[PDB]
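A quick note on method: Cβ atoms are made from the backbone with ideal geometry, for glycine too, and the neighbour counts reach across all protein chains shown. What follows draws every value from the coordinates through simple rules; no lab data is involved.
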């Protein structure tokens, strides 16, 4: 709608197309009549005045209409609607010839005392054949008609044109000589049969024109009967020039027709291959069913045109992906192998897919052979069988539309457990082994989180009992690195990054090298929000790292009452080995708050050691009355006997803190009760 | 306006390079560590768990990695956030070859 | 001045050197590709990567006009698997080199 001007008309407008065809008809005529007007008349016979004036005006109108038609640029490929650019383009290329040939050159010739050199400018109207050339340019750029066939008709029109012009020039050369020397011309000395072309300027223009055209036509085919022949030196020279250029034009005609016939139709090439195969097939005397198999598969390769699918490898990746998506993606989405995976990975797979058709009864993949081509059964039923060593087929599965096979062997790098053979017209989508693996490895991430899901699919088959493979190890490496990333986020405080990482498909229950979950890190650095975020995810709250440190242990050692509260509400527990030992060590340190936090978490304070002493034992021996109060509130036994029977009551007397002993005796009556 | 990812991956130029060195050490891929350590960053920087490439390499017991880490000269007595030296990780795993390398 | 195998791409084609001189350059993030060795006539490269199923240790670049004989990875693996004895001999031959590669362990 950028044609704001009310003057410029788009070059593809229907009315302008009709006008283009119409000036074409007049271009052919004004280009085919100009040689006749130049040769057979030294001034039009008045009776043609009307036709001459109407022709001149017809082109004159066109000359103007060429200022009101937009032209597509050769550098921006847009229809330039600026009137000054159209006017400049027309003035520069096709304007001198058009305007000069639009002049009434017949009237100008008559006005200037009938001077011949003025009439020689009639040939400027020969430039009007540029319209015919442009028409052939349009016709060539259309699949509706074969190119070499366009070239043949172009060459034939050129041949007809050159023949007609040569006839007109030949008769004009006859007219250059004065009528007194008629016997020395080519037509003035013509005695064909009983007719004698004595006064050749008085015969009807059609008789003379057909004589000249007969000569030109036979000269063009080099028949040269000899009845009509050059006599003058001017006629000799013209016939020599015409004859040489006619040898070039006819040789080009033969070359173009030969090029069309040796081009080779696609059906022709298929027919040659078919004939060779049939001759082979007669030599080997193959049976009718077997010959039908061979012929049918060759026909299938012919119709499928697999290279036509790779024929658009030149078009951009954007549109290439659009075509692959519009054709294979609906099929691929439904395959159970890629159930529940990212759309990006699916799109990558589709782009790398090559469709192949197979007639019933041909093995696709052979058992005992490592599959290097994963197939997506998309149309037609396939049948999978493990043929026994005794030659007994055992159909194990029937893979209909929207199914996949070969994937086990590629992901496993194992051999194909069952030979797969076709049962109907199976339109499949082959994907190469290196292609698939790449989409996971070479296309890292595209083949990390997504492939993990694919591994979930394979394990959900419930028959696959695979251990590990190159693909799987590569993935596990990537998932390890991703786990490092998400754990770094969970230990750095970057909430947005952690969100993005796990929401990109990362499993929140993964661990790093030393088995530390992101929840471990959130608790250790006391990241309340991150902890709660991972808490929502479902990360294990008593997850055990390399040293058994639970997330709630890390939270307690970090002194994050918010995080420990959250973890106990979810249910994190002190499943720590040597619990009594660590508690007694804490008592020895004197870290009152640390022990209080462990005791609040629910650490059992009655756990013994190698010396078989509870934390309360150590507190009583140490004289730590306040740690003893905390242990008492927890419920550590003050009567528990150690190796030597030294109960915490005894150790307290040994230390001599009478207040400590008194509180422990109140506890001892509590225990005895 | 989801900016500042610059400083995120600078905190990971200190870390993610260090965690990649740690990961290669834990996996056992000597060639990778050699390239990363010389072309990327020294193994003196530890991970978020305060674990030096040497610590994890010592635990795994790949002397190849350790001897290269020894060439870089990372602290052989450095403790982790868990208060544990590479020597202890080595003996915990019982990697007498890497134990001898570390004792040297 | 051409590259056959690039460092870190698993070699799928094992090459021999009939005539010419090659060079094992370790490309890096410094650009100073480390000249590990010069592969002269009657040598081979890509063998470590194929046999050991690792990536290429060093990019092999052409220095002269080199006539190289090629053996695809799948082919080579097939002949090795067929002649288990002979592949064992190959493995010893490369083990002597693996004193610095440590791939065998």
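Numbers below:
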| read-out | value |
| --- | --- |
| Residue within region A:400-407 that is buried (at least 20 other Cβ atoms within 10 Å of the Cβ), touching a residue at least 12 places away in the same chain (Cβ under 8 Å) and part of a helix (DSSP H, G or I) present | yes |
| Some residue of region B:63-83 being in a helix (DSSP H, G or I), within 11 Å of chain A (Cβ to nearest Cβ), surrounded by 15 or more Cβ atoms within 10 Å (Cβ to Cβ) and out of contact with any strand residue (DSSP E or B) (no Cβ under 7 Å at 6 or more places or on another chain) | no |
| Inter-residue pairs, beta-carbon under 8 Å, first within 9 Å of another protein chain (Cβ to nearest Cβ) and in region A:494-516, second exposed (fewer than 15 other Cβ atoms within 10 Å of the Cβ) and in a loop (DSSP other than H, G, I, E, B), 6+ apart | A:496/B:2 |
| Where residue B:51 falls short, out of the listed (1) surrounded by 21 or more Cβ atoms within 10 Å (Cβ to Cβ); (2) more than 10 Å from chain A (Cβ to nearest Cβ) | (2) |
| Set A:457, A:554: member being part of a helix (DSSP H, G or I), away from chain B (no Cβ under 14 Å) and buried (at least 17 other Cβ atoms within 10 Å of the Cβ) | A:457 |
| Among the candidates A:567, A:532, A:576, residue that is away from every other protein chain (no Cβ under 14 Å), over 44 Å from the mean Cα position of the chain (by Cα) and on the phi < 0 side of the Ramachandran plot | A:567 |
| Matching entry among A:168, A:162 (being surrounded by 14 or more Cβ atoms within 10 Å (Cβ to Cβ), more than 18 Å from residue A:225 (Cα to Cα) and in contact with a helix residue (DSSP H, G or I) (Cβ under 6 Å, 6 or more places away or on another chain)) | A:168 |
| Test: residue in region A:441-451 that is more than 30 Å from residue C:52 (Cβ to Cβ) and part of a loop (DSSP other than H, G, I, E, B) | no |
| Unique match (being free of Cβ contacts under 8 Å to residues at least 40 places away in the same chain, surrounded by 15 or more Cβ atoms within 10 Å (Cβ to Cβ) and over 54 Å from the mean Cα position of the chain (by Cα)) among A:117, A:122, A:107 | A:107 |
| Region A:597-615: number of residues that are closer than 17 Å to residue A:558 by Cβ and buried (at least 18 other Cβ atoms within 10 Å of the Cβ) | 5 |
| Condition check for residue A:477: at negative phi, over 32 Å from the mean Cα position of the chain (by Cα) and part of a helix (DSSP H, G or I) | no |
| Search result, residues across region A:458-489 that are more than 17 Å from residue A:516 (Cα to Cα) and touching a helix residue (DSSP H, G or I) at 6+ places or on another chain (Cβ under 6 Å) | A:464, A:466, A:469, A:471, A:475 |
| Residue match in region A:440-453 (condition: out of contact with any helix residue (DSSP H, G or I) (no Cβ under 8 Å at 6 or more places or on another chain), surrounded by 15 or more Cβ atoms within 10 Å (Cβ to Cβ), away from chain B (no Cβ under 14 Å) and under 30 Å from residue A:351 (Cβ atoms)) | yes |
| Meets criteria (in contact with a helix residue (DSSP H, G or I) (Cβ under 7 Å, 6 or more places away or on another chain), away from chain A (no Cβ under 13 Å) and not in a helix (DSSP H, G or I)) for residue B:91 | no |
| Matching residues, region A:460-476, being within 14 Å of chain C (Cβ to nearest Cβ) and without any contact (Cβ under 8 Å) to a residue 12 or more places away in the chain | A:468, A:473 |
| Residue match in region A:188-205 (condition: under 23 Å from residue A:128 (Cβ atoms) and surrounded by 12 or more Cβ atoms within 10 Å (Cβ to Cβ)) | yes |
| Selection within region B:5-42 - closer than 22 Å to residue C:56 by Cβ, assigned to a helix (DSSP H, G or I) and more than 10 Å from chain A (Cβ to nearest Cβ) | B:21, B:30, B:31, B:32, B:33, B:34, B:35, B:36, B:37, B:38, B:39, B:40 |
| Breaking point among (1) within 15 Å of the chain's Cα centre (by Cα); (2) over 19 Å from residue B:35 (Cα atoms); (3) surrounded by 15 or more Cβ atoms within 10 Å (Cβ to Cβ), for residue C:97 | (3) |
